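Data file: final-v2.tsv. Format and content: TSV, N, CA, C and O atoms and all ligand atoms.
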```
chain	number	residue	atom	x	y	z
W	1	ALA	N	118.49	80.89	123.45
W	1	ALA	CA	119.06	80.51	124.76
W	1	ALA	C	119.74	79.14	124.67
W	1	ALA	O	119.94	78.69	123.55
W	2	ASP	N	120.06	78.49	125.79
W	2	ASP	CA	120.55	77.12	125.83
W	2	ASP	C	119.36	76.13	125.76
W	2	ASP	O	118.48	76.30	124.93
W	3	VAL	N	119.30	75.09	126.60
W	3	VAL	CA	118.26	74.07	126.51
W	3	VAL	C	116.85	74.66	126.75
W	3	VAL	O	116.56	75.13	127.85
W	4	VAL	N	115.97	74.63	125.74
W	4	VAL	CA	114.59	75.12	125.82
W	4	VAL	C	113.58	73.96	125.74
W	4	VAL	O	113.57	73.21	124.77
W	5	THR	N	112.71	73.82	126.74
W	5	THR	CA	111.74	72.72	126.84
W	5	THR	C	110.31	73.18	126.54
W	5	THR	O	109.73	73.96	127.29
W	6	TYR	N	109.73	72.70	125.43
W	6	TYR	CA	108.38	73.03	124.96
W	6	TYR	C	107.30	72.19	125.63
W	6	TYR	O	106.99	71.08	125.20
W	7	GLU	N	106.69	72.73	126.68
W	7	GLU	CA	105.71	72.03	127.50
W	7	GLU	C	104.30	72.03	126.88
W	7	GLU	O	103.45	72.85	127.21
W	8	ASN	N	104.10	71.06	125.98
W	8	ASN	CA	102.85	70.79	125.27
W	8	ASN	C	102.12	69.59	125.88
W	8	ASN	O	102.68	68.86	126.70
W	9	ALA	N	100.88	69.35	125.46
W	9	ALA	CA	100.04	68.31	126.04
W	9	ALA	C	100.56	66.89	125.79
W	9	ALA	O	100.29	65.99	126.57
W	10	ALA	N	101.28	66.68	124.68
W	10	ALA	CA	101.65	65.34	124.22
W	10	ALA	C	103.01	64.86	124.74
W	10	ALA	O	103.56	63.92	124.18
W	11	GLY	N	103.56	65.50	125.78
W	11	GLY	CA	104.92	65.24	126.26
W	11	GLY	C	105.85	66.38	125.87
W	11	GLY	O	105.91	66.75	124.70
W	12	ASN	N	106.59	66.94	126.82
W	12	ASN	CA	107.56	67.98	126.49
W	12	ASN	C	108.73	67.37	125.69
W	12	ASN	O	108.88	66.15	125.63
W	13	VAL	N	109.46	68.23	124.97
W	13	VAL	CA	110.22	67.81	123.78
W	13	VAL	C	111.71	68.19	123.77
W	13	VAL	O	112.50	67.50	123.14
W	14	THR	N	112.10	69.26	124.46
W	14	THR	CA	113.51	69.60	124.70
W	14	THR	C	114.31	69.90	123.42
W	14	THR	O	114.87	69.04	122.75
W	15	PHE	N	114.36	71.19	123.09
W	15	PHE	CA	115.25	71.77	122.09
W	15	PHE	C	116.62	72.01	122.75
W	15	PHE	O	116.78	73.01	123.46
W	16	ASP	N	117.61	71.14	122.53
W	16	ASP	CA	118.93	71.34	123.12
W	16	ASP	C	119.69	72.35	122.26
W	16	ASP	O	120.64	72.02	121.55
W	17	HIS	N	119.23	73.60	122.31
W	17	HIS	CA	119.73	74.70	121.51
W	17	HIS	C	121.26	74.73	121.54
W	17	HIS	O	121.92	74.85	120.51
W	18	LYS	N	121.78	74.51	122.75
W	18	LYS	CA	123.17	74.19	123.00
W	18	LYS	C	123.57	72.81	122.45
W	18	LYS	O	124.28	72.74	121.45
W	19	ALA	N	123.18	71.71	123.10
W	19	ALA	CA	123.79	70.39	122.86
W	19	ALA	C	123.73	69.95	121.39
W	19	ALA	O	124.70	69.41	120.86
W	20	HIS	N	122.61	70.21	120.71
W	20	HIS	CA	122.53	70.03	119.27
W	20	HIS	C	123.63	70.87	118.58
W	20	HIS	O	124.44	70.33	117.83
W	21	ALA	N	123.72	72.18	118.86
W	21	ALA	CA	124.76	73.05	118.32
W	21	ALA	C	126.19	72.60	118.63
W	21	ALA	O	127.06	72.72	117.76
W	22	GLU	N	126.47	72.09	119.83
W	22	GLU	CA	127.79	71.59	120.19
W	22	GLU	C	128.30	70.53	119.17
W	22	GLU	O	129.50	70.40	118.96
W	23	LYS	N	127.38	69.80	118.51
W	23	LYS	CA	127.67	68.98	117.32
W	23	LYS	C	127.50	69.76	116.00
W	23	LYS	O	128.36	69.70	115.12
W	24	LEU	N	126.36	70.43	115.83
W	24	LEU	CA	125.81	70.88	114.55
W	24	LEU	C	126.18	72.33	114.15
W	24	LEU	O	125.95	72.74	113.02
W	25	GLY	N	126.76	73.12	115.06
W	25	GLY	CA	127.38	74.41	114.76
W	25	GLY	C	126.45	75.49	114.21
W	25	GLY	O	126.84	76.22	113.30
W	26	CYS	N	125.25	75.63	114.79
W	26	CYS	CA	124.20	76.62	114.49
W	26	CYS	C	123.64	76.52	113.06
W	26	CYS	O	122.44	76.31	112.89
W	27	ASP	N	124.50	76.67	112.05
W	27	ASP	CA	124.21	76.71	110.62
W	27	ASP	C	123.23	75.60	110.23
W	27	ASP	O	122.24	75.83	109.53
W	28	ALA	N	123.48	74.40	110.76
W	28	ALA	CA	122.62	73.23	110.65
W	28	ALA	C	121.11	73.49	110.82
W	28	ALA	O	120.30	72.79	110.22
W	29	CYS	N	120.73	74.47	111.64
W	29	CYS	CA	119.35	74.86	111.90
W	29	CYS	C	119.04	76.29	111.42
W	29	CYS	O	117.93	76.78	111.62
W	30	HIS	N	120.01	76.99	110.83
W	30	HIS	CA	119.96	78.44	110.68
W	30	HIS	C	120.78	78.91	109.48
W	30	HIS	O	121.99	79.08	109.58
W	31	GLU	N	120.12	79.20	108.36
W	31	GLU	CA	120.79	79.62	107.14
W	31	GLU	C	121.48	80.99	107.27
W	31	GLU	O	120.95	82.03	106.88
W	32	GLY	N	122.69	81.00	107.84
W	32	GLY	CA	123.55	82.18	107.96
W	32	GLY	C	123.11	83.12	109.09
W	32	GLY	O	123.87	83.38	110.02
W	33	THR	N	121.88	83.64	109.01
W	33	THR	CA	121.31	84.55	110.01
W	33	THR	C	120.44	83.77	111.01
W	33	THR	O	119.33	83.37	110.65
W	34	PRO	N	120.88	83.54	112.26
W	34	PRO	CA	120.08	82.83	113.24
W	34	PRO	C	118.94	83.71	113.76
W	34	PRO	O	119.15	84.88	114.09
W	35	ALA	N	117.73	83.15	113.82
W	35	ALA	CA	116.53	83.86	114.24
W	35	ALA	C	115.46	82.86	114.71
W	35	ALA	O	115.62	81.65	114.54
W	36	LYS	N	114.37	83.36	115.30
W	36	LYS	CA	113.32	82.51	115.83
W	36	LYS	C	112.43	81.89	114.74
W	36	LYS	O	111.46	82.48	114.28
W	37	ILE	N	112.76	80.66	114.34
W	37	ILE	CA	111.92	79.85	113.46
W	37	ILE	C	110.64	79.45	114.21
W	37	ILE	O	110.71	78.95	115.33
W	38	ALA	N	109.46	79.65	113.60
W	38	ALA	CA	108.21	79.27	114.24
W	38	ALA	C	108.00	77.75	114.24
W	38	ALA	O	107.62	77.14	113.23
W	39	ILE	N	108.23	77.16	115.40
W	39	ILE	CA	108.02	75.74	115.66
W	39	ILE	C	106.62	75.51	116.24
W	39	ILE	O	106.17	76.23	117.13
W	40	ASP	N	105.96	74.48	115.71
W	40	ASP	CA	104.61	74.07	116.03
W	40	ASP	C	104.46	72.61	115.59
W	40	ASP	O	105.30	72.08	114.87
W	41	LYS	N	103.34	72.02	115.96
W	41	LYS	CA	102.87	70.71	115.52
W	41	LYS	C	102.62	70.61	114.00
W	41	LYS	O	102.42	69.52	113.47
W	42	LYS	N	102.69	71.73	113.28
W	42	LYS	CA	102.82	71.80	111.84
W	42	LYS	C	104.30	71.62	111.49
W	42	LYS	O	104.69	70.58	110.94
W	43	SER	N	105.15	72.59	111.84
W	43	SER	CA	106.55	72.63	111.44
W	43	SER	C	107.33	71.38	111.86
W	43	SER	O	107.94	70.69	111.04
W	44	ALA	N	107.29	71.10	113.17
W	44	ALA	CA	108.04	70.06	113.87
W	44	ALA	C	107.75	68.64	113.38
W	44	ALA	O	108.53	67.73	113.63
W	45	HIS	N	106.58	68.45	112.75
W	45	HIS	CA	106.16	67.16	112.22
W	45	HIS	C	106.31	67.08	110.69
W	45	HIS	O	106.36	65.98	110.15
W	46	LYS	N	106.40	68.23	110.01
W	46	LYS	CA	106.48	68.26	108.55
W	46	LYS	C	107.91	68.03	108.09
W	46	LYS	O	108.18	67.12	107.30
W	47	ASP	N	108.81	68.91	108.55
W	47	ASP	CA	110.12	69.09	107.94
W	47	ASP	C	111.18	69.50	108.98
W	47	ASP	O	112.15	68.77	109.22
W	48	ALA	N	110.95	70.63	109.65
W	48	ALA	CA	111.79	71.08	110.76
W	48	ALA	C	111.93	69.98	111.82
W	48	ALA	O	110.95	69.31	112.15
W	49	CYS	N	113.16	69.75	112.30
W	49	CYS	CA	113.55	68.62	113.15
W	49	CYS	C	113.48	67.28	112.39
W	49	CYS	O	114.49	66.60	112.20
W	50	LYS	N	112.27	66.91	111.95
W	50	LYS	CA	111.97	65.68	111.24
W	50	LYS	C	113.00	65.33	110.17
W	50	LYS	O	113.63	64.28	110.27
W	51	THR	N	113.17	66.14	109.13
W	51	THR	CA	113.99	65.78	107.97
W	51	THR	C	115.44	65.47	108.35
W	51	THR	O	116.02	64.50	107.85
W	52	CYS	N	116.02	66.23	109.27
W	52	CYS	CA	117.35	65.93	109.80
W	52	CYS	C	117.35	64.56	110.51
W	52	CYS	O	118.12	63.68	110.16
W	53	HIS	N	116.43	64.37	111.45
W	53	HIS	CA	116.25	63.08	112.12
W	53	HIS	C	116.11	61.91	111.12
W	53	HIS	O	116.85	60.93	111.22
W	54	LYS	N	115.19	62.01	110.15
W	54	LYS	CA	115.03	61.09	109.02
W	54	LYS	C	116.35	60.81	108.29
W	54	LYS	O	116.64	59.67	107.94
W	55	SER	N	117.11	61.87	108.00
W	55	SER	CA	118.37	61.77	107.26
W	55	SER	C	119.47	61.00	108.02
W	55	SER	O	120.51	60.71	107.43
W	56	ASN	N	119.29	60.71	109.31
W	56	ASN	CA	120.21	59.92	110.11
W	56	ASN	C	119.42	58.80	110.82
W	56	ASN	O	118.24	58.59	110.56
W	57	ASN	N	120.05	58.12	111.77
W	57	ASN	CA	119.38	57.14	112.62
W	57	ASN	C	118.61	57.86	113.75
W	57	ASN	O	118.81	57.56	114.92
W	58	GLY	N	117.76	58.82	113.39
W	58	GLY	CA	117.05	59.63	114.38
W	58	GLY	C	115.99	58.83	115.15
W	58	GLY	O	115.56	57.76	114.72
W	59	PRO	N	115.51	59.36	116.29
W	59	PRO	CA	114.46	58.73	117.08
W	59	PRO	C	113.10	58.89	116.38
W	59	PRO	O	112.24	59.68	116.79
W	60	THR	N	112.90	58.14	115.30
W	60	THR	CA	111.74	58.17	114.41
W	60	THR	C	110.49	57.58	115.08
W	60	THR	O	109.98	56.54	114.67
W	61	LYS	N	110.00	58.24	116.13
W	61	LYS	CA	108.89	57.77	116.96
W	61	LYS	C	108.37	58.94	117.81
W	61	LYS	O	109.15	59.79	118.22
W	62	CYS	N	107.07	58.99	118.11
W	62	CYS	CA	106.47	60.07	118.90
W	62	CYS	C	107.20	60.25	120.24
W	62	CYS	O	107.78	61.30	120.52
W	63	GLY	N	107.24	59.17	121.02
W	63	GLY	CA	108.00	59.08	122.26
W	63	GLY	C	109.52	59.26	122.09
W	63	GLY	O	110.24	59.42	123.06
W	64	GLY	N	110.01	59.22	120.84
W	64	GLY	CA	111.39	59.54	120.50
W	64	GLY	C	111.70	61.03	120.67
W	64	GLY	O	112.85	61.39	120.89
W	65	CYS	N	110.68	61.89	120.56
W	65	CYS	CA	110.79	63.32	120.85
W	65	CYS	C	110.09	63.67	122.17
W	65	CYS	O	110.65	64.35	123.02
W	66	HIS	N	108.84	63.23	122.33
W	66	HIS	CA	107.99	63.60	123.45
W	66	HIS	C	108.22	62.72	124.69
W	66	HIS	O	108.03	61.51	124.62
W	67	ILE	N	108.53	63.31	125.85
W	67	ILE	CA	108.54	62.55	127.11
W	67	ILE	C	107.16	61.92	127.38
W	67	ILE	O	106.16	62.63	127.42
W	68	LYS	N	107.11	60.60	127.58
W	68	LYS	CA	105.89	59.86	127.88
W	68	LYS	C	106.21	58.57	128.63
W	68	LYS	O	107.36	58.09	128.51
W	101	LIG	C1	118.08	73.40	115.50
W	101	LIG	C2	117.75	72.17	116.35
W	101	LIG	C3	118.69	74.55	116.28
W	101	LIG	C4	119.98	74.66	116.71
W	101	LIG	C5	120.95	73.52	116.96
W	101	LIG	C6	120.17	76.07	116.94
W	101	LIG	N1	119.01	76.72	116.89
W	101	LIG	FE1	118.72	78.59	117.24
W	101	LIG	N2	116.78	78.28	117.11
W	101	LIG	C7	116.21	77.13	116.76
W	101	LIG	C8	114.78	77.20	116.93
W	101	LIG	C9	113.81	76.03	116.86
W	101	LIG	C10	114.52	78.46	117.36
W	101	LIG	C11	113.17	78.99	117.81
W	101	LIG	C12	113.06	79.02	119.34
W	101	LIG	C13	111.83	79.80	119.85
W	101	LIG	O1	111.06	79.19	120.64
W	101	LIG	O2	111.69	80.98	119.45
W	101	LIG	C14	115.81	79.12	117.45
W	101	LIG	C15	115.95	80.39	117.83
W	101	LIG	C16	117.16	80.97	117.85
W	101	LIG	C17	117.35	82.36	118.22
W	101	LIG	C18	116.37	83.28	118.94
W	101	LIG	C19	116.88	83.79	120.30
W	101	LIG	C20	117.31	82.73	121.34
W	101	LIG	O3	117.22	81.50	121.10
W	101	LIG	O4	117.78	83.14	122.43
W	101	LIG	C21	118.66	82.62	117.95
W	101	LIG	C22	119.33	83.98	117.96
W	101	LIG	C23	119.28	81.35	117.70
W	101	LIG	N3	118.35	80.41	117.59
W	101	LIG	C24	120.60	81.22	117.60
W	101	LIG	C25	121.18	80.02	117.50
W	101	LIG	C26	122.62	79.86	117.53
W	101	LIG	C27	123.65	80.97	117.64
W	101	LIG	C28	122.85	78.51	117.47
W	101	LIG	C29	124.19	77.80	117.59
W	101	LIG	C30	124.80	77.91	118.99
W	101	LIG	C31	121.54	77.90	117.36
W	101	LIG	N4	120.59	78.84	117.38
W	101	LIG	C32	121.36	76.58	117.22
W	101	LIG	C33	116.79	76.02	116.39
W	101	LIG	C34	118.09	75.83	116.52
W	102	LIG	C1	119.88	68.11	112.32
W	102	LIG	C2	120.05	69.39	111.49
W	102	LIG	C3	118.89	68.11	113.49
W	102	LIG	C4	117.81	68.93	113.68
W	102	LIG	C5	117.35	70.06	112.78
W	102	LIG	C6	117.20	68.47	114.92
W	102	LIG	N1	117.86	67.45	115.42
W	102	LIG	FE1	117.40	66.49	117.07
W	102	LIG	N2	118.96	65.35	116.81
W	102	LIG	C7	119.84	65.45	115.82
W	102	LIG	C8	120.94	64.55	116.04
W	102	LIG	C9	122.21	64.42	115.21
W	102	LIG	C10	120.67	63.89	117.20
W	102	LIG	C11	121.67	63.07	118.01
W	102	LIG	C12	122.30	61.85	117.27
W	102	LIG	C13	123.59	61.25	117.91
W	102	LIG	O1	124.76	61.10	118.33
W	102	LIG	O2	124.08	62.33	117.51
W	102	LIG	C14	119.37	64.39	117.63
W	102	LIG	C15	118.75	63.94	118.73
W	102	LIG	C16	117.63	64.49	119.19
W	102	LIG	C17	116.96	64.00	120.38
W	102	LIG	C18	117.28	62.73	121.15
W	102	LIG	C19	118.46	62.87	122.13
W	102	LIG	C20	118.99	61.51	122.61
W	102	LIG	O3	118.85	61.22	123.82
W	102	LIG	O4	119.50	60.77	121.74
W	102	LIG	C21	115.95	64.87	120.64
W	102	LIG	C22	115.07	64.89	121.87
W	102	LIG	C23	115.93	65.79	119.52
W	102	LIG	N3	116.94	65.52	118.68
W	102	LIG	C24	115.01	66.74	119.39
W	102	LIG	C25	115.02	67.59	118.36
W	102	LIG	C26	113.98	68.57	118.15
W	102	LIG	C27	112.68	68.70	118.92
W	102	LIG	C28	114.35	69.29	117.05
W	102	LIG	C29	113.67	70.53	116.46
W	102	LIG	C30	113.09	71.50	117.49
W	102	LIG	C31	115.53	68.63	116.55
W	102	LIG	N4	115.90	67.63	117.34
W	102	LIG	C32	116.12	69.04	115.43
W	102	LIG	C33	119.81	66.26	114.76
W	102	LIG	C34	118.88	67.19	114.61
W	103	LIG	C1	110.53	65.50	117.35
W	103	LIG	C2	111.27	65.78	116.04
W	103	LIG	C3	109.04	65.22	117.18
W	103	LIG	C4	108.48	64.07	116.71
W	103	LIG	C5	109.20	62.86	116.14
W	103	LIG	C6	107.07	64.18	116.99
W	103	LIG	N1	106.79	65.36	117.52
W	103	LIG	FE1	105.04	65.94	118.13
W	103	LIG	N2	105.76	67.74	118.44
W	103	LIG	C7	107.04	68.08	118.34
W	103	LIG	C8	107.21	69.48	118.63
W	103	LIG	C9	108.50	70.28	118.60
W	103	LIG	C10	105.98	69.95	118.98
W	103	LIG	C11	105.77	71.37	119.52
W	103	LIG	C12	104.65	71.65	120.54
W	103	LIG	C13	103.29	72.09	119.95
W	103	LIG	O1	102.30	72.04	120.71
W	103	LIG	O2	103.23	72.34	118.72
W	103	LIG	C14	105.07	68.83	118.82
W	103	LIG	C15	103.77	68.84	119.12
W	103	LIG	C16	103.00	67.74	119.17
W	103	LIG	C17	101.63	67.75	119.63
W	103	LIG	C18	100.79	68.90	120.14
W	103	LIG	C19	100.36	68.80	121.61
W	103	LIG	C20	99.55	70.01	122.08
W	103	LIG	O3	99.69	70.37	123.28
W	103	LIG	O4	98.76	70.54	121.25
W	103	LIG	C21	101.18	66.47	119.49
W	103	LIG	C22	99.75	65.98	119.61
W	103	LIG	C23	102.31	65.70	119.02
W	103	LIG	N3	103.36	66.49	118.83
W	103	LIG	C24	102.19	64.41	118.73
W	103	LIG	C25	103.16	63.75	118.12
W	103	LIG	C26	102.96	62.39	117.66
W	103	LIG	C27	101.69	61.57	117.82
W	103	LIG	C28	104.13	62.03	117.05
W	103	LIG	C29	104.46	60.66	116.44
W	103	LIG	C30	103.72	60.40	115.12
W	103	LIG	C31	104.99	63.19	117.15
W	103	LIG	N4	104.36	64.18	117.78
W	103	LIG	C32	106.25	63.18	116.72
W	103	LIG	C33	108.08	67.31	118.01
W	103	LIG	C34	107.93	66.04	117.61
```

Exercise: express the given structure as structure tokens:
Amino acid sequence: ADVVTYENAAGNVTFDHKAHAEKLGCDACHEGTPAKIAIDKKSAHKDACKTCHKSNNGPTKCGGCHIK
């Protein structure tokens, strides 16, 4: 879909499925075939989201992703 907000206990986080793509052109998050990647407090903190953010001047902070 477009903007998807993950309402977890530690602050909701906002996947701008659209706005990220309006820069990043799907492929950036999706190796050729776009599909539902399992996002969790495992994935989202290990590599998914993180490594891209790390690779730029990303919001490298908990409150940088989570509303608080
Ligand atoms: C990385 C930040 C992403 C961008 C930018 C795009 N997608 Fe994505 N997509 C991403 C995740 C984290 C997920 C899982 C969402 C969930 O809770 O299941 C997805 C999922 C999809 C899906 C599933 C169906 C849907 O979202 O309606 C598809 C088909 C999909 N993504 C397509 C897609 C396209 C076409 C993108 C460019 C406009 C795109 N995604 C960007 C992560 C990210
Ligand atoms: C690169 C492949 C990215 C992935 C994967 C994710 N994000 Fe991201 N994010 C990315 C960029 C380039 C930026 C914006 C930088 C500037 O001009 O471009 C962001 C920013 C965010 C933000 C902050 C928005 C703001 O007000 O600046 C959020 C909330 C964010 N990203 C969340 C987010 C999540 C939760 C992701 C995985 C589900 C994720 N991003 C992946 C690049 C990339
Ligand atoms: C954006 C790239 C994130 C950063 C930086 C951090 N977190 Fe995160 N976190 C992110 C996502 C996409 C999720 C998904 C929701 C889920 O419940 O898995 C999470 C989840 C958490 C949770 C879980 C809360 C719950 O209800 O169980 C916590 C406790 C959490 N995140 C904490 C947290 C902290 C302390 C961070 C800084 C070190 C942090 N997150 C960074 C995305 C992102």

(Q) Taking all atoms listed in the file into account, list the residues no farther than 8 Å from ligand LIG 102 (chain W), as an NGL selection string. (A) :W and (4 or 12-16 or 19-20 or 23-24 or 26-30 or 39-40 or 43-44 or 47-54 or 56-59 or 63-67)

Those same residues, written as a short mmCIF file (atom, residue, chain, number, x, y, z; two decimals), keeping the file's coordinate frame with N, CA, C and O atoms?
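In the end it all went to result.cif:
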```
data_model
loop_
_atom_site.label_atom_id
_atom_site.label_comp_id
_atom_site.auth_asym_id
_atom_site.auth_seq_id
_atom_site.Cartn_x
_atom_site.Cartn_y
_atom_site.Cartn_z
N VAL W 4 115.97 74.63 125.74
CA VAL W 4 114.59 75.12 125.82
C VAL W 4 113.58 73.96 125.74
O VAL W 4 113.57 73.21 124.77
N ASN W 12 106.59 66.94 126.82
CA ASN W 12 107.56 67.98 126.49
C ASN W 12 108.73 67.37 125.69
O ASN W 12 108.88 66.15 125.63
N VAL W 13 109.46 68.23 124.97
CA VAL W 13 110.22 67.81 123.78
C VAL W 13 111.71 68.19 123.77
O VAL W 13 112.50 67.50 123.14
N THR W 14 112.10 69.26 124.46
CA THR W 14 113.51 69.60 124.70
C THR W 14 114.31 69.90 123.42
O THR W 14 114.87 69.04 122.75
N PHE W 15 114.36 71.19 123.09
CA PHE W 15 115.25 71.77 122.09
C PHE W 15 116.62 72.01 122.75
O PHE W 15 116.78 73.01 123.46
N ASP W 16 117.61 71.14 122.53
CA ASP W 16 118.93 71.34 123.12
C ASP W 16 119.69 72.35 122.26
O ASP W 16 120.64 72.02 121.55
N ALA W 19 123.18 71.71 123.10
CA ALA W 19 123.79 70.39 122.86
C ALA W 19 123.73 69.95 121.39
O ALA W 19 124.70 69.41 120.86
N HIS W 20 122.61 70.21 120.71
CA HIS W 20 122.53 70.03 119.27
C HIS W 20 123.63 70.87 118.58
O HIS W 20 124.44 70.33 117.83
N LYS W 23 127.38 69.80 118.51
CA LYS W 23 127.67 68.98 117.32
C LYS W 23 127.50 69.76 116.00
O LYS W 23 128.36 69.70 115.12
N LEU W 24 126.36 70.43 115.83
CA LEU W 24 125.81 70.88 114.55
C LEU W 24 126.18 72.33 114.15
O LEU W 24 125.95 72.74 113.02
N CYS W 26 125.25 75.63 114.79
CA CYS W 26 124.20 76.62 114.49
C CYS W 26 123.64 76.52 113.06
O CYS W 26 122.44 76.31 112.89
N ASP W 27 124.50 76.67 112.05
CA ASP W 27 124.21 76.71 110.62
C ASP W 27 123.23 75.60 110.23
O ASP W 27 122.24 75.83 109.53
N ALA W 28 123.48 74.40 110.76
CA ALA W 28 122.62 73.23 110.65
C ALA W 28 121.11 73.49 110.82
O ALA W 28 120.30 72.79 110.22
N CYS W 29 120.73 74.47 111.64
CA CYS W 29 119.35 74.86 111.90
C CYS W 29 119.04 76.29 111.42
O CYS W 29 117.93 76.78 111.62
N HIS W 30 120.01 76.99 110.83
CA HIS W 30 119.96 78.44 110.68
C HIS W 30 120.78 78.91 109.48
O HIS W 30 121.99 79.08 109.58
N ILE W 39 108.23 77.16 115.40
CA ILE W 39 108.02 75.74 115.66
C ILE W 39 106.62 75.51 116.24
O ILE W 39 106.17 76.23 117.13
N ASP W 40 105.96 74.48 115.71
CA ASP W 40 104.61 74.07 116.03
C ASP W 40 104.46 72.61 115.59
O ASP W 40 105.30 72.08 114.87
N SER W 43 105.15 72.59 111.84
CA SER W 43 106.55 72.63 111.44
C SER W 43 107.33 71.38 111.86
O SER W 43 107.94 70.69 111.04
N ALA W 44 107.29 71.10 113.17
CA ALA W 44 108.04 70.06 113.87
C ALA W 44 107.75 68.64 113.38
O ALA W 44 108.53 67.73 113.63
N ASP W 47 108.81 68.91 108.55
CA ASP W 47 110.12 69.09 107.94
C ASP W 47 111.18 69.50 108.98
O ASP W 47 112.15 68.77 109.22
N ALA W 48 110.95 70.63 109.65
CA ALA W 48 111.79 71.08 110.76
C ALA W 48 111.93 69.98 111.82
O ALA W 48 110.95 69.31 112.15
N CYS W 49 113.16 69.75 112.30
CA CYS W 49 113.55 68.62 113.15
C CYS W 49 113.48 67.28 112.39
O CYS W 49 114.49 66.60 112.20
N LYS W 50 112.27 66.91 111.95
CA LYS W 50 111.97 65.68 111.24
C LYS W 50 113.00 65.33 110.17
O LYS W 50 113.63 64.28 110.27
N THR W 51 113.17 66.14 109.13
CA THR W 51 113.99 65.78 107.97
C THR W 51 115.44 65.47 108.35
O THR W 51 116.02 64.50 107.85
N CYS W 52 116.02 66.23 109.27
CA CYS W 52 117.35 65.93 109.80
C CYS W 52 117.35 64.56 110.51
O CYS W 52 118.12 63.68 110.16
N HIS W 53 116.43 64.37 111.45
CA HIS W 53 116.25 63.08 112.12
C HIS W 53 116.11 61.91 111.12
O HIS W 53 116.85 60.93 111.22
N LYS W 54 115.19 62.01 110.15
CA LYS W 54 115.03 61.09 109.02
C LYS W 54 116.35 60.81 108.29
O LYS W 54 116.64 59.67 107.94
N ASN W 56 119.29 60.71 109.31
CA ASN W 56 120.21 59.92 110.11
C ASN W 56 119.42 58.80 110.82
O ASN W 56 118.24 58.59 110.56
N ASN W 57 120.05 58.12 111.77
CA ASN W 57 119.38 57.14 112.62
C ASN W 57 118.61 57.86 113.75
O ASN W 57 118.81 57.56 114.92
N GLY W 58 117.76 58.82 113.39
CA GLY W 58 117.05 59.63 114.38
C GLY W 58 115.99 58.83 115.15
O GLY W 58 115.56 57.76 114.72
N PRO W 59 115.51 59.36 116.29
CA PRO W 59 114.46 58.73 117.08
C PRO W 59 113.10 58.89 116.38
O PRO W 59 112.24 59.68 116.79
N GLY W 63 107.24 59.17 121.02
CA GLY W 63 108.00 59.08 122.26
C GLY W 63 109.52 59.26 122.09
O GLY W 63 110.24 59.42 123.06
N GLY W 64 110.01 59.22 120.84
CA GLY W 64 111.39 59.54 120.50
C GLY W 64 111.70 61.03 120.67
O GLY W 64 112.85 61.39 120.89
N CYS W 65 110.68 61.89 120.56
CA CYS W 65 110.79 63.32 120.85
C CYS W 65 110.09 63.67 122.17
O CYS W 65 110.65 64.35 123.02
N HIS W 66 108.84 63.23 122.33
CA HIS W 66 107.99 63.60 123.45
C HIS W 66 108.22 62.72 124.69
O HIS W 66 108.03 61.51 124.62
N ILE W 67 108.53 63.31 125.85
CA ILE W 67 108.54 62.55 127.11
C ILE W 67 107.16 61.92 127.38
O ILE W 67 106.16 62.63 127.42
#
```

One residue among W:3, W:21, W:37, W:62 is nearest to ligand LIG 103 (chain W) when using only N, CA, C and O atoms and all ligand atoms, and that residue is W:62

What is the atom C10 of ligand LIG 101 (chain W)-atom O of residue 18 in chain W distance in Å, reported with one decimal?
->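 If I compute the distance from atom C10 of ligand LIG 101 (chain W) to atom O of residue 18 in chain W, I get 12.0 Å.
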
Here atom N3 of ligand LIG 103 (chain W) and CA of residue 68 in chain W stand apart by 11.5 Å

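Between atom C29 of ligand LIG 101 (chain W) and atom C of residue 35 in chain W lies a distance of 10.5 Å.
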
(request) Counting only C-alpha atoms and all ligand atoms, figure out which residue out of W:60, W:31, W:46, W:55 gets nearest to ligand LIG 101 (chain W). (result)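 Ranking W:60, W:31, W:46, W:55 by distance to ligand LIG 101 (chain W), first place goes to W:31.
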
Box along x, y and z, 8 Å on every side, all listed atoms of ligand LIG 103 (chain W) inside: centre and edge lengths in Å to one decimal, as lines of an AutoDock Vina configuration file.
```
center_x = 105.0
center_y = 66.4
center_z = 119.2
size_x = 28.5
size_y = 27.9
size_z = 24.2
```

Shortest interatomic distance to ligand LIG 101 (chain W) - which of W:25, W:11, W:32, W:61, counting all atoms listed in the file: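 Between W:25, W:11, W:32, W:61, the residue approaching ligand LIG 101 (chain W) most closely is W:25.
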
**Which of range 3-68 of chain W DSSP labels strand (DSSP E or B), written as a list in words** =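 Here are the strand (DSSP E or B) residues of range 3-68 of chain W: residues 3, 4, 15 and 16 of chain W.
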
Taking the DSSP assignment computed from this structure's backbone, write out as a count of residues only all residues of chain W that belong to alpha helix (DSSP H). 22
